[PDB]
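Reading through the structure tokens given below for one structure.
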Amino acid sequence: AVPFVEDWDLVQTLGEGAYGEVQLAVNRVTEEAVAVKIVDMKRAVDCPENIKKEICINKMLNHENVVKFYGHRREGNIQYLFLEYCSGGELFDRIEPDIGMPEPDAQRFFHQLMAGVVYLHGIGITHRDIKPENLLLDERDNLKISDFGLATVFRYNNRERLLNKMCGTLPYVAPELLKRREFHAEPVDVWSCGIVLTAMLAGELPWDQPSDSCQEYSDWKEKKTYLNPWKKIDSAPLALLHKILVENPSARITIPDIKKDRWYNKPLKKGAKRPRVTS
Ligand SMILES: Cc1cc2n[nH]c(=O)n2c2ccccc12
């Protein structure tokens, strides 16, 4: 038993909002860095059950494109969740306003996003709030899906549950959440992935929300792709976006078909530069 190995110094606030905050923690002995999510359960009446569910869902997860859950500790009314530290920060901060990022970089992030979402959906979990703020990067820019506070089970014992809870973030949310009482979970996550791809390639969000009252959304359904953000996006990825951002969730492209898409499969991005010399 090595003394002090269970001691962590909190050295930097990584993020902070409703739940509480996430701190960078550094091990006193080993100097290993992890993220610690600190949740004061007295802050809200529903917080005890909310954080319980988040912990429950996290214990189900193990994938290279999902933020790793190391465990949790309660002391009185404070919950401490130990999570993978992602030193590259949020994907949000790699999207340049009005520009986006190089298309090969966006393609790589999108491959990894799909890997993460396929995994989650495979074990019957929907995230329900996919957006660049909730996609973190490690030291090699590998993407990790973050924050399972709004996540839920949509498939259990091989039987699908239809959802009805209005949740997410309006510019990322699928139109069926605003129009229908019930909806399938998976196309909702597919839609938000499409808005994420749009942001990565154009540095802007296409609409405030996907309703006919929103002129920008109306323009998209009328195929006015000579307007922004769409005019900034090359034809191959735009063709994929035309298949994802389809109003009818039943006609919307599925992830197995996204994986067969021409742009998805285009060679664009070189592997990370590795040390070399010449003679
Ligand atoms: C910036 C950042 C790094 C991180 N690594 N692991 C995590 O949970 N986070 C975060 C969680 C919330 C907000 C920011 C972060």
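Data overview
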| item | result |
| --- | --- |
| Per-selection Rg to Rh, region 1-136 - Cα, Kirkwood hydrodynamic radius | 0.99 |
| From phi via Karplus (6.51, -1.76, 1.60), per-residue ³J(HN,Hα) for region 115-123 in Hz, x at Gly/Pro | 3, x, 6, 4, 4, 4, 4, x, 9 |
| Extension gain from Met60 to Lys179, taking 0.36 nm per residue of separation minus the Cα-Cα distance | 39.7 nm |
| For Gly15, distant residues with modelled amide H under 5 Å away | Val22 |
| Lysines with Cα under 19 Å of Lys179, excluding same-chain neighbours fewer than 8 positions away | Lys165, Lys221 |
| Relative exposure of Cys193, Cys56, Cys214, judged by other C-beta atoms within 10 Å (fewest first) | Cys56, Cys214, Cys193 |
| Phi to ³J(HN,Hα) by Karplus 6.51 cos²θ - 1.76 cosθ + 1.60 over region 87-96, Hz, x for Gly, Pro | 6, x, x, 7, 4, 3, 7, 9, 9, 7 |
| Under 5 Å, built H, 5+ apart or other chain: amide partners of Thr152 | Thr126 |
| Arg252, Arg181, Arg155 arranged by Cβ crowding within 10 Å, fewest neighbours leading | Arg181, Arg155, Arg252 |
| Whole-percent pair-distance distribution, where bins are 10 Å wide, for the alpha carbons of region 97-279 | 9, 37, 36, 14, 3, 1, 0 |
| Label point distance in nm, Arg43-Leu162, each placed 7 Å from Cα along Cα→Cβ | 3.5 |
| Estimated Rh, region 103-185: Kirkwood, alpha-carbon pairs, angstrom | 14.0 |
| Sorted by Cβ density within 10 Å, fewest first, the residues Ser213, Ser87, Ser146 | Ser213, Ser87, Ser146 |
| For region 28-43, Karplus couplings with θ = phi - 60° (6.51, -1.76, 1.60), whole Hz, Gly/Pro x | 4, 8, 8, 6, 4, 9, 10, 9, 10, 8, 10, 10, 7, 5, 7, 4 |
| Among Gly124, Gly89, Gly17: highest mean-square fluctuation, GNM of the chain, C-alpha pairs under 10 Å | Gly17 |
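Since every read-out is calculated from the coordinates, none of them should be taken as a lab result. Quick reminder, even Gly has a Cβ in these numbers, built from the backbone with ideal geometry, and neighbours come from all protein chains shown.
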